[PDB]
Amino acid sequence: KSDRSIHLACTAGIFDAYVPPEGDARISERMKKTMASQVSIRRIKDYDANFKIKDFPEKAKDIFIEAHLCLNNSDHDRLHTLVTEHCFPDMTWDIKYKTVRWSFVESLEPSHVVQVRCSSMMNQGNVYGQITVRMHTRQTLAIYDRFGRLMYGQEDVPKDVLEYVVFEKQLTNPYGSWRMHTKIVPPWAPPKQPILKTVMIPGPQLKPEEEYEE
Amino acid sequence: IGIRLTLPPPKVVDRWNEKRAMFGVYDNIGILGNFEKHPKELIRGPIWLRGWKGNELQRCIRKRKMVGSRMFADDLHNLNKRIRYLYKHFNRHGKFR
Amino acid sequence: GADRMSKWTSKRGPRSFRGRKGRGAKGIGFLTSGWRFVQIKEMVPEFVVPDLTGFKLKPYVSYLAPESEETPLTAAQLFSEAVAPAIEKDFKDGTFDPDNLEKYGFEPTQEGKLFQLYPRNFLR
Amino acid sequence: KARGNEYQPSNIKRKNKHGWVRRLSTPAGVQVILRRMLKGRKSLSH
Amino acid sequence: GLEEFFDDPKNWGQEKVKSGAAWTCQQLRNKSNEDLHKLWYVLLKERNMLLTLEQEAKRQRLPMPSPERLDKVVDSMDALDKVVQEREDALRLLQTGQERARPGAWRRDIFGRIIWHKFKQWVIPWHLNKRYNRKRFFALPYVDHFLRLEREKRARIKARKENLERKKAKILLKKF
Amino acid sequence: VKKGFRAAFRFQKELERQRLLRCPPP
Amino acid sequence: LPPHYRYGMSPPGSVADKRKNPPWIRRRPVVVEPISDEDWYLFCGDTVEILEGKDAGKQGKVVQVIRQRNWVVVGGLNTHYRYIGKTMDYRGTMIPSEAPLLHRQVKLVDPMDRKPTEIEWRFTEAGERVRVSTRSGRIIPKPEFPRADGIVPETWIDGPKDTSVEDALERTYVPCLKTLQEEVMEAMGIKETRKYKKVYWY
Amino acid sequence: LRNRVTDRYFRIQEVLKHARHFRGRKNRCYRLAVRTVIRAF
Amino acid sequence: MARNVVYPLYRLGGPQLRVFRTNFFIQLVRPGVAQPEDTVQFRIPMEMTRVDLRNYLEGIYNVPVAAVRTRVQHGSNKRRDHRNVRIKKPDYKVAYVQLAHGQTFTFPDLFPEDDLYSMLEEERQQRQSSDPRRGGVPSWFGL
RNA sequence: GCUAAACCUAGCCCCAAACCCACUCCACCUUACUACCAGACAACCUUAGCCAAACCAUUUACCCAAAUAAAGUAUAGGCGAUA
RNA sequence: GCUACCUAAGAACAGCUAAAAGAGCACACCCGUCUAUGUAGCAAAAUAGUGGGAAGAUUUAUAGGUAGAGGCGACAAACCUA
RNA sequence: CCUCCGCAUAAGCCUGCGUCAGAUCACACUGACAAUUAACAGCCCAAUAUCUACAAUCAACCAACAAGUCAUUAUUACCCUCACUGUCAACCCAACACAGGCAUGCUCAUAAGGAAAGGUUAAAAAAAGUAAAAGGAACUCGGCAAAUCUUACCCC
Ligand SMILES: [Mg+2]
Ligand SMILES: [Mg+2]
Ligand SMILES: [Mg+2]
Ligand SMILES: [Mg+2]
Ligand SMILES: [Mg+2]
Ligand SMILES: [Mg+2]
Ligand SMILES: [Mg+2]
Ligand SMILES: [Mg+2]
Ligand SMILES: [Mg+2]
Ligand SMILES: [Mg+2]
Ligand SMILES: [Mg+2]
Ligand SMILES: [Mg+2]
Ligand SMILES: [Mg+2]
Ligand SMILES: [Mg+2]
Ligand SMILES: [Mg+2]
Ligand SMILES: [Mg+2]
């Protein structure tokens with residue numbers, strides 16, 4: 001029953017998710033959606049009155065490029081400054097003993113701030129603000145093995161990408177910053193690039209008394 | 001294996017302490033002070049070893065005389081046994097008679 | 001050898017040893033005739049338990065209570081708050097006899113009393 | 001015959017032989033208890 | 001009855017039973033004797049309930065709901081004992097002038113140590129008492145050497161404690 | 001722990017020598 | 001506690017501390033500066049500035065004081081990263097974790113300049129020890145931390161076993177020259193006519 | 001224990017380096033190595 | 001009756017031994033083995049007599065008591081610490097009190113059936129297991 | 001590359017200085033750690049021997065009231081060892 | 001607390017012969033002749049078989065006594081905690 | 001299939017195969033939670049004087065010797081109760097889950113209590129038995145051992 005508690009600098013989820021619209025990639029209620037947004041944007045500017053949502057998208061692109069470049073050199077200290085504690089393990093854990101070679105070629109269309117939502121005050125005295133940003137860029141990726149062999153992707157070839165990246169800043173904290181929290185992958189998303197090796201899915205390992213019932 | 005695997009902690013010494021810087025001062029107090037004190041009165045130590053050398057048997061005989069009265073029991077006994085052993089060694093054993 | 005580090009209880013030793021040692025409960029009578037035990041009521045402790053109907057003191061105190069400075073009661077305080085009014089109110093009236101302090105409370109001897117303070121003859 | 005079974009325990013004997021009251025009953029036994037308190041033993045007698 | 005050994009049935013399994021502050025010694029000094037007697041029995045019944053609950057918590061391998069209740073009831077009755085003992089001590093010191101309730105004497109022993117012999121209660125006098133005259137309140141002359149050796153050991157331990165004190169002080173002044 | 005510095009220094013130069021003949025430099 | 005006990009982040013008696021410091025642990029002692037109670041500037045809830053290491057020149061609120069090692073735990077700062085809930089091959093959730101700082105690594109701040117100051121203790125006209133700055137000269141009060149017991153006075157409603165403040169403070173004691181036994185016997189009306197005879201005390 | 005030998009390792013290796021091509025425990029155990037190294041010299 | 005106090009000697013023809021504030025504290029304990037319906041089990045101090053448990057239960061709790069029996073339960077000295085010194089579990093007195101007037105007692109059931117934890121659970125539920133067809137490829141890069 | 005190996009700190013030693021230690025409650029000389037009964041008793045005596053005398057038999061230094069010096073002198077002693 | 005001897009107050013001894021037994025056969029029980037095994041063993045003196053005794057100067061449980069310049073001994077210079 | 005065991009008491013020991021949870025010859029270990037309840041046994045008794053020759057052995061007959069284990073009265077004093085303690089176990093003394101030592105009552109003949117073989121093969125040597133033609137002490141220091149069941153005589 002100590003008076004010290006864990007000082008969490010992020011949350012564990014997404015505040016009122018932007019269900020990605022079907023046709024947003026195929027094609028090259030709005031007042032309420034953009035109403036919830038403006039109400040919240042004003043809350044963020046209550047906590048810091050120098051924010052421009054017209055200024056966020058370029059900052060978000062810079063944070064994206066520099067975070068993913070940390071994944072190339074393994075600069076975990078810069079990563080902890082450009083990405084949240086919720087986003088750190090599911091960006092580093094699967095690359096720990098692998099070599100990731102990522103690059104940013106260009107941006108197909110400019111990035112749009114597409115959703116802004118804010119939490120209530122009763123999160124331990126801390127108030128968070130979460131902004132969704134759509135991105136459509138062109139990136140390269142080549143994930144190598146522990147032994148330097150290719151597993152995924154091609155070295156030079158750029159491929160198109162659509163991601164709905166959700167950034168978060170803890171507004172009550174005096175030195176809070178805008179960092180990458182999660183990203184929404186649409187349920188209608190195109191299937192990803194096939195891997196470079198064959199995979200065997202095992203069937204049911206049956207105990208001797210058991211019988212294979214298909 | 002009986003050797004350190006790392007370097008020991010560094011041993012920094014102030015050669016200019018007050019104690020080092022003033023070592024030896026007043027050691028000529030008699031010849032430079034009209035012989036009113038002696039450097040043997042400058043020596044600070046046990047009360048049975050101020051201005052006297054002795055060997056071990058002489059040192060043990062001397063301590064039992066000046067302070068054997070005000071002396072703990074086990075340590076007095078041990079002194080008596082030590083004087084007995086050193087008497088036997090110095091008076092009866094050796095190569096030179 | 002035997003265990004000389006644990007506590008010597010009445011569970012150890014032969015029959016006579018086990019029956020002659022006890023566990024520290026005080027005696028409530030004596031033994032006579034054919035090892036026959038006579039319990040003496042006055043040697044049995046009587047629990048003087050008061051009536052608790054209409055009592056306003058509960059086991060805990062409310063936290064909204066003012067803090068009070070600790071003051072251990074002294075014999076000086078007991079004299080100043082128990083017999084000093086009588087002595088002052090009898091001196092100002094002028095009837096203090098310096099030989100009869102028995103009326104002010106003084107107990108010359110503690111003998112003949114039921115609850116003697118020295119040597120103490122009463123339980124807690 | 002076979003040896004080693006020389007301790008035949010008896011509490012009455014162990015308390016009559018090496019107990020506190022016998023120890024205090026002789027002055028030499030008093031010095032046995034004094035010697036053990038000086039050594040700092042946790043079992044001065046039996 | 002035994003329902004007073006147990007808690008209120010609505011509190012059973014309530015994972016936390018709130019409480020109140022333990023009785024402060026000054027407040028118990030404000031109350032009178034008879035009320036302190038009655039409060040002693042109220043607190044006694046509460047302590048029996050809390051001890052019953054703690055033993056059953058141990059039996060069922062579950063945490064006791066709030067052990068601070070047991071700690072605070074023990075503090076409350078310690079304060080009540082303190083108040084009543086202070087009142088008796090004040091009256092005894094006033095009336096008899098004796099500062100202890102039980103008689104006793106500073107005496108020597110068979111080992112040469114000076115002890116506070118607390119007196120026992122007897123029906124016959126001491127010269128006729130068998131067991132009392134078997135006990136020796138005097139040290140015969142073979143105890144003085146062990147007394148000197150005991151003093152010397154105490155001196156050897158004190159000198160050690162104080163040299164380490166000074167060694168530790170110099171190590172602190174070496175770091176800072 | 002033995003007192004001194006010289007044998008420890010010699011042992012460290014011996015350790016540095018073997019590390020070189022183990023992972024030789026380019 | 002055993003001698004040369006190593007104080008840490010866990011309270012001395014918790015499960016983590018019982019794992020860290022078993023009954024047989026004998027480690028090298030930590031040398032700690034002897035800072036007295038009459039000269040401990042840091043309290044709990046005070047806003048301090050970290051001066052050393054990452055998070056240098058940064059102001060926060062201290063959430064723990066460990067006097068036995070001259071440690072303050074500033075809320076949210078001097079942070080490292082640790083996982084929690086590592087039960088199965090589940091990674092757990094990465095949380096920020098605060099490492100303690102020394103009293104020469106934190107400095108109190110004056111409530112207007114909001115810059116590191118130096119406080120010297122000085123009694124006031126009411127005798128209240130007060131933290132007086134050295135650059136400037138104002139008074140930094142002891143910050144109000146909730147309570148050690150956990151009882152907040154404003155939301156205190158007395159329960160069925162709590163005595164009312166009124167009854168608790170009702171003075172019933174008339175100071176007399178009789179004993180509780182004598183008074184309780186008179187009050188309850190027990191009658192005793194048999195006299196306690198003299199017992200030989202030795 | 002004032003004045004202990006701190007370089008005995010280097011003394012043992014000064015003897016032992018001349019035994020590393022011997023066969024058996026005499027190539028590594030000093031008490032047997034010395035006897036065989038004096039003989040080799 | 002009381003603990004750790006000198007008792008005033010009684011000489012025949014003397015006053016009743018009265019205690020006013022007793023420091024005897026007992027625990028009602030669930031019986032380990034099956035007992036009759038009139039039996040209530042207590043853990044009492046070593047210096048408490050069955051005559052005094054009867055008087056205690058009939059004076060402070062107003063429980064009519066028909067019989068009291070006591071035994072001394074030994075605590076184990078077998079357990080040893082890290083110094084090979086034996087740790088003593090204590091000794092206590094058990095008492096079996098048989099109630100009066102046909103009364104009956106059964107031991108009741110006193111135990112009938114976090115933002116950090118919700119954060120942990122939400123992250124655990126959001127983290128899906130790795131797909132077998134993904135081969136071991138990191139699953140974050142949208143590429 | 002296993003077993004291992006390394007480690008500075010607990011503390012300690014010699015001095016100086018300075019006169020050291022005993023009533024929470026309760027229990028404790030009986031079979032100590034035992035609430036509670038007709039007794040009684042009571043302390044004081046030269047150490048010796050190993051060893052040295054190349055055996056051993058008289059003999060063979062053991063703090064006794066601050067240093068030093070007189071002085072290993074006078075003396076003692078199988079006039080030997082030694083003191 | 002073993003053992004030697006003693007004190008106090010105890011206990012055990014089937015069946016058969018003859019009826020008188022420090023009598024014979026013979027259990028339990030006490031001892032330990034001879035052989036084999038064992039020899040860092042199950043055992044710092046045991047096991048299996050074979051034996052001596054088994055109403056007697058017997059065997060044995062409990063408490064006590066005598067202590068080292070000694071004790072105690074149906075003298076083996078035995079035994080007095082391997 | 002064995003039972004030369006067993007079940008109690010005494011002495012000794014002091015939680016030492018009860019329940020739950022947990023590890024790493026084969027699965028009585030660690031921590032926790034429980035339990036042995038008095039009627040059996042222990043723990044006894046006011047004084048002073050005084051009394052107490054006649055065994056036991058089925059106690060009869062009978063014979064003893066070594067000559068034995070059980071008893072009061074008078075006169076004062078005397079109101080009260082069922083306290084306290086032991087009670088478990090696969091257990092003690094032998095450094096050990098030791099083929100040893102260990103009092104008494106019952107069963108001694110079982111209603112109690114237990115298992116000689118981890119699996120195979122079926123060499124030597126060795127251990128423990130069983131059978132053996134003809135002979136029958138020729139063996140050996142000696143009929144030791146074994147088998148029979150057996151005469152007479154020296155010395156001490
Ligand atoms: Mg000689
Ligand atoms: Mg010689
Ligand atoms: Mg016969
Ligand atoms: Mg016969
Ligand atoms: Mg004999
Ligand atoms: Mg002869
Ligand atoms: Mg002979
Ligand atoms: Mg009975
Ligand atoms: Mg039983
Ligand atoms: Mg069966
Ligand atoms: Mg078998
Ligand atoms: Mg086999
Ligand atoms: Mg044949
Ligand atoms: Mg023939
Ligand atoms: Mg022949
Ligand atoms: Mg034969």
# chains A, B, ... in the order shown; residues from 1 in each chain; ligands from 1
call {"tool": "residues_near_ligand", "arguments": {"ligand": "ligand 9", "cutoff": "10 Å", "atoms": "only C-alpha atoms (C1' of nucleotides) and all ligand atoms", "output": "PDB file with N, CA, C and O atoms (P, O5', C5', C4', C3', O3' and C1' of nucleotides), in the first residue's frame"}}
result
ATOM      1  P     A L   8      -0.886 -50.947  19.763  1.00  0.00           P
ATOM      2  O5'   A L   8      -1.534 -51.090  21.208  1.00  0.00           O
ATOM      3  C5'   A L   8      -1.033 -50.334  22.287  1.00  0.00           C
ATOM      4  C4'   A L   8      -1.242 -51.028  23.603  1.00  0.00           C
ATOM      5  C3'   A L   8      -0.359 -50.528  24.723  1.00  0.00           C
ATOM      6  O3'   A L   8      -0.818 -49.317  25.279  1.00  0.00           O
ATOM      7  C1'   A L   8      -0.302 -52.872  24.697  1.00  0.00           C
ATOM      8  P     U L  36      -7.270 -35.790  17.620  1.00  0.00           P
ATOM      9  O5'   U L  36      -6.622 -36.504  18.885  1.00  0.00           O
ATOM     10  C5'   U L  36      -6.289 -35.751  20.045  1.00  0.00           C
ATOM     11  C4'   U L  36      -5.538 -36.567  21.066  1.00  0.00           C
ATOM     12  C3'   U L  36      -5.440 -35.922  22.446  1.00  0.00           C
ATOM     13  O3'   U L  36      -5.388 -36.950  23.432  1.00  0.00           O
ATOM     14  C1'   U L  36      -3.279 -36.278  21.613  1.00  0.00           C
ATOM     15  P     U L  87       1.850 -35.587  25.784  1.00  0.00           P
ATOM     16  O5'   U L  87       0.871 -36.802  25.495  1.00  0.00           O
ATOM     17  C5'   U L  87       1.367 -38.132  25.453  1.00  0.00           C
ATOM     18  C4'   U L  87       0.257 -39.148  25.492  1.00  0.00           C
ATOM     19  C3'   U L  87      -0.657 -39.158  24.271  1.00  0.00           C
ATOM     20  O3'   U L  87      -0.981 -40.503  23.937  1.00  0.00           O
ATOM     21  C1'   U L  87      -1.949 -38.910  26.223  1.00  0.00           C
ATOM     22  P     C L  88      -0.219 -41.235  22.735  1.00  0.00           P
ATOM     23  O5'   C L  88      -0.289 -40.197  21.533  1.00  0.00           O
ATOM     24  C5'   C L  88      -1.496 -39.994  20.816  1.00  0.00           C
ATOM     25  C4'   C L  88      -1.228 -39.472  19.429  1.00  0.00           C
ATOM     26  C3'   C L  88      -0.342 -40.344  18.560  1.00  0.00           C
ATOM     27  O3'   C L  88      -1.048 -41.413  17.958  1.00  0.00           O
ATOM     28  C1'   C L  88       0.386 -38.101  18.423  1.00  0.00           C
ATOM     29  P     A L  89      -0.337 -42.828  17.713  1.00  0.00           P
ATOM     30  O5'   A L  89       0.869 -42.496  16.730  1.00  0.00           O
ATOM     31  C5'   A L  89       0.650 -42.325  15.341  1.00  0.00           C
ATOM     32  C4'   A L  89       1.954 -42.194  14.602  1.00  0.00           C
ATOM     33  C3'   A L  89       2.977 -43.286  14.867  1.00  0.00           C
ATOM     34  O3'   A L  89       2.744 -44.459  14.112  1.00  0.00           O
ATOM     35  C1'   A L  89       4.018 -41.187  15.055  1.00  0.00           C
TER      36        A L  89
END
call {"tool": "residues_around", "arguments": {"residues": "residue 1 in chain H", "least_positions_apart": "5", "cutoff": "12 Å", "atoms": "only C-alpha atoms (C1' of nucleotides)", "output": "short mmCIF file (atom, residue, chain, number, x, y, z; two decimals) with N, CA, C and O atoms, in the first residue's frame"}}
result
data_model
loop_
_atom_site.label_atom_id
_atom_site.label_comp_id
_atom_site.auth_asym_id
_atom_site.auth_seq_id
_atom_site.Cartn_x
_atom_site.Cartn_y
_atom_site.Cartn_z
N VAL F 1 42.44 -11.50 -1.27
CA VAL F 1 43.05 -10.50 -2.12
C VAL F 1 44.44 -10.15 -1.62
O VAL F 1 44.61 -9.77 -0.46
N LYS F 2 45.43 -10.27 -2.49
CA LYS F 2 46.79 -9.90 -2.15
C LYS F 2 47.02 -8.42 -2.46
O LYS F 2 46.40 -7.86 -3.37
N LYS F 3 47.90 -7.79 -1.69
CA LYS F 3 48.26 -6.40 -1.92
C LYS F 3 49.15 -6.28 -3.15
O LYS F 3 49.89 -7.19 -3.50
#
call {"tool": "closest_atom_pairs", "arguments": {"of": "chain D", "to": "chain C", "cutoff": "8 Å", "atoms": "only C-alpha atoms", "output": "JSON lines"}}
result
{"residue": "D:7", "atom": "CA", "partner": "C:1", "partner_atom": "CA", "distance": 7.1}
{"residue": "D:9", "atom": "CA", "partner": "C:2", "partner_atom": "CA", "distance": 7.7}
{"residue": "D:10", "atom": "CA", "partner": "C:13", "partner_atom": "CA", "distance": 7.9}
{"residue": "D:11", "atom": "CA", "partner": "C:13", "partner_atom": "CA", "distance": 5.4}
{"residue": "D:12", "atom": "CA", "partner": "C:13", "partner_atom": "CA", "distance": 7.3}
{"residue": "D:42", "atom": "CA", "partner": "C:5", "partner_atom": "CA", "distance": 7.4}
{"residue": "D:43", "atom": "CA", "partner": "C:5", "partner_atom": "CA", "distance": 6.3}
{"residue": "D:46", "atom": "CA", "partner": "C:4", "partner_atom": "CA", "distance": 5.8}
call {"tool": "residues_around", "arguments": {"residues": "residue 167 in chain A", "least_positions_apart": "5", "cutoff": "10 Å", "atoms": "only C-alpha atoms (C1' of nucleotides)", "output": "ChimeraX atom specification"}}
result
/A:14,60,63-64,82-84,87,116,129-133,177-183
call {"tool": "atom_distance", "arguments": {"atom1": "CA of residue 8 in chain I", "atom2": "CA of residue 187 in chain G"}}
result
22.9 Å
call {"tool": "select_by_dssp", "arguments": {"residues": "chain C", "states": "alpha helix (DSSP H)", "output": "number ranges by chain"}}
result
C: 15-20, 75-82, 84-91
call {"tool": "write_last_selection", "arguments": {"atoms": "N, CA, C and O atoms", "output": "compact mmCIF listing (two decimals), in the first residue's frame"}}
result
# COMPACT_ATOMS: atom_id res chain seq x y z
N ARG C 15 6.77 -40.73 34.43
CA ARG C 15 5.41 -40.42 34.94
C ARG C 15 5.45 -39.39 36.05
O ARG C 15 4.79 -38.37 35.93
N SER C 16 6.21 -39.66 37.10
CA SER C 16 6.32 -38.74 38.27
C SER C 16 6.75 -37.36 37.82
O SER C 16 6.08 -36.40 38.19
N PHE C 17 7.79 -37.27 37.00
CA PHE C 17 8.28 -35.98 36.46
C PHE C 17 7.16 -35.27 35.69
O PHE C 17 7.02 -34.06 35.92
N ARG C 18 6.39 -35.97 34.87
CA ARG C 18 5.36 -35.37 33.98
C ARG C 18 4.19 -34.83 34.80
O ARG C 18 3.65 -33.79 34.44
N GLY C 19 3.82 -35.53 35.85
CA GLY C 19 2.69 -35.11 36.68
C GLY C 19 3.08 -34.03 37.65
O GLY C 19 2.17 -33.31 38.10
N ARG C 20 4.36 -33.89 37.98
CA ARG C 20 4.78 -32.91 39.01
C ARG C 20 5.06 -31.58 38.34
O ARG C 20 5.03 -30.59 39.04
N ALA C 75 2.01 12.27 40.76
CA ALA C 75 1.53 12.45 42.12
C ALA C 75 1.32 13.92 42.45
O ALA C 75 0.43 14.26 43.23
N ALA C 76 2.13 14.80 41.84
CA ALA C 76 1.92 16.23 42.00
C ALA C 76 0.57 16.66 41.42
O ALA C 76 -0.16 17.43 42.05
N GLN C 77 0.23 16.17 40.22
CA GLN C 77 -1.08 16.46 39.64
C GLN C 77 -2.22 15.88 40.46
O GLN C 77 -3.24 16.55 40.64
N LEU C 78 -2.07 14.65 40.97
CA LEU C 78 -3.10 14.07 41.82
C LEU C 78 -3.31 14.84 43.11
O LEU C 78 -4.46 15.04 43.52
N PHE C 79 -2.23 15.28 43.76
CA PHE C 79 -2.34 16.16 44.91
C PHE C 79 -2.99 17.49 44.58
O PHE C 79 -3.83 17.96 45.34
N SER C 80 -2.63 18.10 43.44
CA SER C 80 -3.17 19.40 43.10
C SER C 80 -4.62 19.32 42.63
O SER C 80 -5.30 20.35 42.62
N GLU C 81 -5.10 18.15 42.23
CA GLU C 81 -6.46 18.04 41.71
C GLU C 81 -7.35 17.17 42.58
O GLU C 81 -8.50 16.90 42.22
N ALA C 82 -6.86 16.70 43.73
CA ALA C 82 -7.70 15.82 44.54
C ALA C 82 -7.84 16.27 45.99
O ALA C 82 -8.89 16.04 46.60
N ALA C 84 -5.76 19.25 47.26
CA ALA C 84 -5.39 20.66 47.33
C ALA C 84 -6.60 21.60 47.47
O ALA C 84 -6.50 22.57 48.23
N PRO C 85 -7.76 21.38 46.75
CA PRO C 85 -8.94 22.21 47.05
C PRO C 85 -9.39 22.14 48.50
O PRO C 85 -9.70 23.17 49.10
N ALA C 86 -9.42 20.94 49.08
CA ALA C 86 -9.85 20.76 50.46
C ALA C 86 -8.89 21.45 51.42
O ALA C 86 -9.33 22.14 52.35
N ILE C 87 -7.59 21.30 51.19
CA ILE C 87 -6.60 21.89 52.09
C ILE C 87 -6.63 23.41 52.00
O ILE C 87 -6.57 24.11 53.02
N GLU C 88 -6.76 23.95 50.79
CA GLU C 88 -6.84 25.40 50.62
C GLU C 88 -8.12 25.96 51.23
O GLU C 88 -8.09 27.00 51.90
N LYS C 89 -9.25 25.28 51.02
CA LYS C 89 -10.55 25.76 51.46
C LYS C 89 -10.70 25.56 52.97
O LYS C 89 -11.54 26.19 53.61
N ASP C 90 -9.83 24.74 53.56
CA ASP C 90 -9.83 24.60 55.00
C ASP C 90 -8.80 25.53 55.65
O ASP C 90 -8.96 25.90 56.82
N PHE C 91 -7.75 25.92 54.93
CA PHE C 91 -6.80 26.88 55.49
C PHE C 91 -7.34 28.30 55.42
O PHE C 91 -7.12 29.09 56.35
call {"tool": "atom_distance", "arguments": {"atom1": "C1' of residue 135 in chain L", "atom2": "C1' of residue 147 in chain L"}}
result
16.2 Å
call {"tool": "residues_around", "arguments": {"residues": "residue 107 in chain E", "least_positions_apart": "3", "cutoff": "12 Å", "atoms": "only C-alpha atoms (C1' of nucleotides)", "output": "MDAnalysis selection string"}}
result
(chainID E and resid 104 110:119 136:139) or (chainID J and resid 22:23)
call {"tool": "interface_residues", "arguments": {"of": "chain A", "to": "chain G", "cutoff": "8 Å", "atoms": "only C-alpha atoms", "output": "PyMOL selection string"}}
result
chain A and resi 3-4+6-9+85-86+88-89
call {"tool": "residues_around", "arguments": {"residues": "range 36-52 of chain K", "least_positions_apart": "5", "cutoff": "10 Å", "atoms": "only C-alpha atoms (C1' of nucleotides)", "output": "ChimeraX atom specification"}}
result
/D:1-4 /K:31,82 /L:94,98-100,127-128,145
call {"tool": "residues_near_ligand", "arguments": {"ligand": "ligand 15", "cutoff": "12 Å", "atoms": "only C-alpha atoms (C1' of nucleotides) and all ligand atoms", "output": "list in words"}}
result
residues 137, 138, 139, 140 and 141 of chain L
call {"tool": "residues_near_ligand", "arguments": {"ligand": "ligand 3", "cutoff": "12 Å", "atoms": "only C-alpha atoms (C1' of nucleotides) and all ligand atoms", "output": "list in words"}}
result
residues 21, 22, 23, 24, 25, 26, 53, 54, 55, 56 and 58 of chain K
call {"tool": "residues_near_ligand", "arguments": {"ligand": "ligand 6", "cutoff": "12 Å", "atoms": "only C-alpha atoms (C1' of nucleotides) and all ligand atoms", "output": "list in words"}}
result
residues 75, 76, 77 and 78 of chain K
call {"tool": "write_last_selection", "arguments": {"atoms": "N, CA, C and O atoms (P, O5', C5', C4', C3', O3' and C1' of nucleotides)", "output": "PDB file, in the first residue's frame"}}
result
ATOM      1  P     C K  75      39.151 -62.982  42.070  1.00  0.00           P
ATOM      2  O5'   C K  75      40.537 -63.612  41.622  1.00  0.00           O
ATOM      3  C5'   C K  75      40.781 -63.983  40.254  1.00  0.00           C
ATOM      4  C4'   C K  75      42.160 -63.545  39.825  1.00  0.00           C
ATOM      5  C3'   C K  75      43.324 -64.343  40.388  1.00  0.00           C
ATOM      6  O3'   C K  75      44.385 -64.339  39.459  1.00  0.00           O
ATOM      7  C1'   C K  75      43.582 -62.084  40.972  1.00  0.00           C
ATOM      8  P     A K  76      44.464 -65.398  38.315  1.00  0.00           P
ATOM      9  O5'   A K  76      43.952 -64.584  37.056  1.00  0.00           O
ATOM     10  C5'   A K  76      44.100 -65.080  35.725  1.00  0.00           C
ATOM     11  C4'   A K  76      43.831 -63.950  34.778  1.00  0.00           C
ATOM     12  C3'   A K  76      44.574 -62.666  35.113  1.00  0.00           C
ATOM     13  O3'   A K  76      45.912 -62.695  34.632  1.00  0.00           O
ATOM     14  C1'   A K  76      42.299 -62.182  34.685  1.00  0.00           C
ATOM     15  P     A K  77      47.094 -62.234  35.588  1.00  0.00           P
ATOM     16  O5'   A K  77      46.963 -60.654  35.565  1.00  0.00           O
ATOM     17  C5'   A K  77      46.866 -59.952  36.801  1.00  0.00           C
ATOM     18  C4'   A K  77      46.148 -58.644  36.610  1.00  0.00           C
ATOM     19  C3'   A K  77      46.482 -57.897  35.323  1.00  0.00           C
ATOM     20  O3'   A K  77      45.241 -57.579  34.743  1.00  0.00           O
ATOM     21  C1'   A K  77      47.324 -56.744  37.271  1.00  0.00           C
ATOM     22  P     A K  78      45.059 -57.669  33.182  1.00  0.00           P
ATOM     23  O5'   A K  78      43.610 -58.305  33.041  1.00  0.00           O
ATOM     24  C5'   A K  78      42.513 -57.428  32.817  1.00  0.00           C
ATOM     25  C4'   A K  78      41.234 -57.963  33.393  1.00  0.00           C
ATOM     26  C3'   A K  78      40.149 -56.903  33.462  1.00  0.00           C
ATOM     27  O3'   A K  78      39.606 -56.844  32.153  1.00  0.00           O
ATOM     28  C1'   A K  78      40.271 -58.039  35.527  1.00  0.00           C
TER      29        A K  78
END
call {"tool": "residues_around", "arguments": {"residues": "residue 2 in chain L", "least_positions_apart": "2", "cutoff": "9 Å", "atoms": "only C-alpha atoms (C1' of nucleotides)", "output": "list in words"}}
result
residues 114, 115 and 116 of chain L
call {"tool": "residues_near_ligand", "arguments": {"ligand": "ligand 2", "cutoff": "10 Å", "atoms": "only C-alpha atoms (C1' of nucleotides) and all ligand atoms", "output": "ChimeraX atom specification"}}
result
/B:92-93 /J:52,54
call {"tool": "residues_near_ligand", "arguments": {"ligand": "ligand 12", "cutoff": "9 Å", "atoms": "only C-alpha atoms (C1' of nucleotides) and all ligand atoms", "output": "PyMOL selection string"}}
result
chain L and resi 117-119
